[PDB]
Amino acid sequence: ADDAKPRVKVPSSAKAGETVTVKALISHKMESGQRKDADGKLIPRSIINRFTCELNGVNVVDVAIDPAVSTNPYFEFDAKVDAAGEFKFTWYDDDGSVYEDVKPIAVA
């Protein structure tokens, strides 16, 4: 899909072993499969069906997503930052697209 723009809010550093809250959004219609056109025919589903967040290659959260997740899917969850490196965010589209965002995190 076009214009699937990731927006992630997360601190750019933390004390070693500290918890940070991660907020991850992406713009997407999330066509559910339940909407009807002007003629009353169902409009086929096309959603992001999975979202992963990794910290330094290790999973933070892996979400299997269904059509009842809202337009512009939002996920908020908590990561334990034991060492510096990066968050990697991945969203998998029904249409075959893969969206990614990468966020650096320091340990101070």
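Numbering starts at 1 and runs along the sequence shown.
Student: 27-35 versus 72-80: which one carries the higher mean Cα B factor per the record?
Tutor: Looking at the recorded C-alpha B-factors, 27-35 comes out higher on average.
Student: Using only C-alpha atoms and the B-factors in the entry, which stretch averages higher, 38-46 or 63-71?
Tutor: Averaging CA B-factors over each stretch, the winner is 38-46.
Student: Compared with the other modelled residues in the chain, in which third is the CA B-factor of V98?
Tutor: Within its chain, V98 is a middle-third residue by C-alpha B-factor, going by the deposited values.
Student: Taking the values exactly as deposited, rank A14 by C-alpha B-factor within its chain and report the matching third: lowest, middle or highest.
Tutor: For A14, the deposited C-alpha B-factor lands in the highest third.
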